[PDB]
Visitor: 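The structure that follows is given in the form of structure tokens.
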Amino acid sequence: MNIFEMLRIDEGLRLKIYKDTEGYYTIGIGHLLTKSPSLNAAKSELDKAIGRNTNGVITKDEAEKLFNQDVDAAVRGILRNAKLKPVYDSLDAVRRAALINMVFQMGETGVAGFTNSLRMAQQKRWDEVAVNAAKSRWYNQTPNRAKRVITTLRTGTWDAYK
Ligand SMILES: [Cl-]
Ligand SMILES: [Cl-]
């Protein structure tokens with residue numbers, strides 16, 4: 001298993017504009033288009049992202065291209081983030097994947113917000129990280145997904161995904 005397969009499982013794949021769990025316009029594999037309540041604004045963002053007049057529909061290949069970009073950016077975001085880099089540097093490969101997942105979902109700022117979890121992660125206090133990360137809006141809103149990520153972070157294995 002890997003970060004792509006992991007996120008593909010968590011976000012799913014949709015070829016038409018849709019609303020995410022928060023009600024935002026999204027497409028493909030969890031690619032947020034906009035936080036604005038307008039489908040048109042969404043259609044505009046889409047066309048600009050893809051480079052053509054889509055009419056709110058893309059192909060698989062197109063979705064996958066956005067996905068590649070998104071993963072790359074999350075990784076790059078982490079490494080440029082002062083609060084995030086060090087955590088990531090200290091982790092093993094599977095747990096890094098968990099951190100990338102969180103960043104892909106909530107953005108750098110959101111993750112940087114788990115200050116206490118991050119510190120504990122750096123100290124390798126696995127059970128404490130899991131307890132602390134669950135006390136969050138993140139966990140209350142999308143619990144099944146959050147559970148999968150937390151387990152991953154806690155155990156350092158892909159069990160939750162198999
Ligand atoms: Cl984009
Ligand atoms: Cl969920």
Side-chain angles (χ1 to χ4, degrees), residues 1-89 91-115 117-118 121 133 136-153 158 160-162:
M1 156 102 21
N2 65 54
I3 191 41
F4 290 87
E5 302 168 344
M6 186 200 203
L7 279 171
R8 160 91 179 62
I9 281 157
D10 286 329
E11 300 286 350
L13 166 60
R14 293 192 65 183
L15 307 190
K16 152 85 227 293
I17 295 198
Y18 68 91
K19 292 222 219 142
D20 76 355
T21 69
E22 316 269 19
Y24 308 137
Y25 282 121
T26 301
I27 195 153
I29 295 158
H31 185 78
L32 169 65
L33 286 164
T34 187
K35 296 176 161 160
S36 118
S38 175
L39 178 59
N40 300 276
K43 302 170 133 207
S44 168
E45 287 298 323
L46 184 45
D47 303 330
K48 160 160 76 84
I50 296 303
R52 76 185 176 60
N53 244 83
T54 64
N55 194 39
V57 179
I58 60 170
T59 74
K60 177 136 167 301
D61 286 25
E62 283 164 345
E64 274 171 7
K65 191 177 192 171
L66 289 184
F67 185 38
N68 282 324
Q69 290 169 183
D70 290 348
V71 170
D72 194 38
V75 179
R76 275 159 332 129
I78 283 169
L79 305 155
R80 298 198 273 77
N81 189 305
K83 310 223 11 218
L84 309 176
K85 176 158 192 287
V87 181
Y88 186 88
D89 284 338
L91 296 160
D92 57 278
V94 183
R95 300 184 164 89
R96 287 181 173 163
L99 191 69
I100 298 180
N101 198 296
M102 293 166 74
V103 174
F104 183 99
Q105 180 183 11
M106 322 184 234
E108 283 184 27
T109 305
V111 183
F114 287 53
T115 301
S117 280
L118 294 173
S136 57
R137 172 181 217 269
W138 170 55
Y139 183 92
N140 293 100
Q141 299 307 131
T142 53
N144 292 327
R145 193 214 177 124
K147 305 195 224 270
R148 282 197 292 275
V149 177
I150 291 159
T151 285
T152 302
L153 196 55
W158 292 112
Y161 286 86
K162 314 169 298 216

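Index from 1, following the sequence. Side chains are part of it too, since the values below use all heavy atoms of this structure and drop only hydrogens, waters and symmetry mates.
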Visitor: Determine the minimum heavy-atom distance between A63 and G28, stating which atoms define it.
Guide: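 So the minimum-distance heavy-atom pair works out to CB-CA, 3.9 Å.
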
Visitor: Can you measure from CZ (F67) to CZ (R8) and round to the nearest 0.5 angstrom?
Guide: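 CZ of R8 is found 8.5 Å from CZ of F67.
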
Visitor: What are the two closest heavy atoms between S117 and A133, and how far apart are they?
Guide: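 Closest approach of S117 to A133: OG-N, 3.4 Å.
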
Visitor: Would you sort out whether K43 and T54 count as a side-chain contact (heavy atoms from CB on, under 4.5 Å), showing the intermediate values?
Guide: CA-CA 8 Å; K43 302 170 133 207; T54 64; 5.7 Å; no

Visitor: Is there a donor-acceptor pair closer than 3.5 Å between any side-chain N or O of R96 and the backbone N or O of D89?
Guide: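 Side chain of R96 to backbone of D89, a donor-acceptor pair under 3.5 Å: yes, one is there.
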
Visitor: Could you report the tightest heavy-atom contact between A74 and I100, atom names first, then the distance?
Guide: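 Looking at all heavy atoms of both residues, the shortest contact is CB-CG2, 4.2 Å.
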
Visitor: What's the separation between atom CD in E22 and atom CG in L32, rounded to the nearest 0.5 Å?
Guide: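 Separation between the atoms: 10.5 Å.
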
Visitor: Got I50 and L66 here, is their nearest side-chain heavy-atom distance under 4.5 Å?
Guide: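 In short, these two side chains touch, coming nearer than 4.5 Å.
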
Visitor: With distance as the sole test, does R95 use its side chain to make a donor-acceptor pair with the main-chain N or O of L153 at under 3.5 Å?
Guide: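 Side chain of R95 to backbone of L153: a pair is present.
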
Visitor: To the nearest 0.5 Å, how far apart are NZ in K19 and CZ in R14?
Guide: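 It is 12.0 Å, given to the nearest 0.5 Å.
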
Visitor: Could you measure the distance from the OH atom of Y139 to the CG atom of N144? Nearest 0.5 Å is fine.
Guide: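 Result: 8.5 Å between the selected atoms.
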
Visitor: As a quick check of understanding, evaluate side-chain contact (heavy atoms from CB on, under 4.5 Å) for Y161 and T151, giving each step before the final call.
Guide: CA-CA 10 Å; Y161 286 86; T151 285; over 6 Å; no

Visitor: Say whether, by atom type as modelled, one donor and one acceptor occur between the side chain of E62 and the main chain of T59 under 3.5 angstrom.
Guide: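 Present.
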
Visitor: For the residue pair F104 and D10, establish whether any side-chain heavy-atom pair is separated by less than 4.5 Å.
Guide: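 No; the side chains remain at least 4.5 Å from each other.
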
Visitor: Just so I know, are the side chains of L33 and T26 near enough to count as touching, which here means a heavy-atom distance under 4.5 Å?
Guide: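 Of all side-chain heavy-atom pairs linking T26 with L33, none is under 4.5 Å.
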
Visitor: Taking all atoms of both residues into account, what is the closest heavy-atom pair of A121 and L91, and its distance?
Guide: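 Heavy atoms of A121 and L91 come nearest at O-CD2, 4.5 Å.
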
Visitor: Please determine if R145 and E11 form a salt bridge, counting it only when a charged side-chain N lies under 4.0 Å from a carboxylate O.
Guide: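 Looking at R145 and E11, the cut-off is met.
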
Visitor: Do any N or O atoms from the side chain of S44 and from the backbone of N40 form a donor-acceptor pair under 3.5 angstrom?
Guide: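 No.
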
Visitor: Quick check: does any side chain N or O of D92 sit under 3.5 Å from a backbone N or O of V94, one acting as donor and the other as acceptor?
Guide: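 Confirmed, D92 side chain pairs with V94 backbone.
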
Visitor: Could you tell me the separation between the CD1 atom of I29 and the CG atom of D70, rounded to the nearest 0.5 Å?
Guide: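 If I round to the nearest 0.5 Å, the distance is 9.5 Å.
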
Visitor: Evaluate the side-chain proximity of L84 to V103: yes if any heavy-atom separation is below 4.5 Å, no if none is.
Guide: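 Yes, side chains in contact.
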
Visitor: Go through the steps to decide whether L99 and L118 satisfy the test side-chain contact (heavy atoms from CB on, under 4.5 Å), and finish with yes or no.
Guide: CA-CA 10 Å; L99 191 69; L118 294 173; 4.1 Å; yes

Visitor: Heavy-atom distance under 4.5 Å between the side chains of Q141 and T21, does that happen here?
Guide: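 Not in contact.
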
Visitor: Looking only at heavy atoms, which two atoms of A160 and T152 are closest? And how far apart?
Guide: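 Shortest heavy-atom contact: CB-OG1, 4.4 Å.
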
Visitor: Roughly how far apart are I27 CD1 and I17 CD1, rounded to 0.5 Å?
Guide: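 Between atom CD1 of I27 and atom CD1 of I17 there are 5.0 Å.
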
Visitor: Which heavy atom of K85 sits nearest to which heavy atom of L79, and what is that distance?
Guide: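 Where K85 meets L79 most closely, the heavy atoms are CD-O, 3.3 Å.
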
Visitor: Taking the basic N atoms (NZ, or NE/NH1/NH2) and the acidic carboxylate oxygens, is any pair closer than 4.0 Å for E45 and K48?
Guide: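 Salt bridge present between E45 and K48.
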
Visitor: If you count the non-hydrogen atoms of other residues, nucleotides and ligands that lie under 6.0 Å from NZ in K16, is the total more than 12?
Guide: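 Enclosed.
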
Visitor: Counting only heavy atoms not in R137 (residues, nucleotides, ligands), do more than 12 fall under 6.0 Å from its CZ?
Guide: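 For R137, atom CZ is not crowded (no more than 12 foreign heavy atoms under 6.0 Å).
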
Visitor: Between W138 and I150, is the side-chain contact (heavy atoms from CB on, under 4.5 Å) condition met? List the steps.
Guide: CA-CA 11 Å; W138 170 55; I150 291 159; 3.7 Å; yes

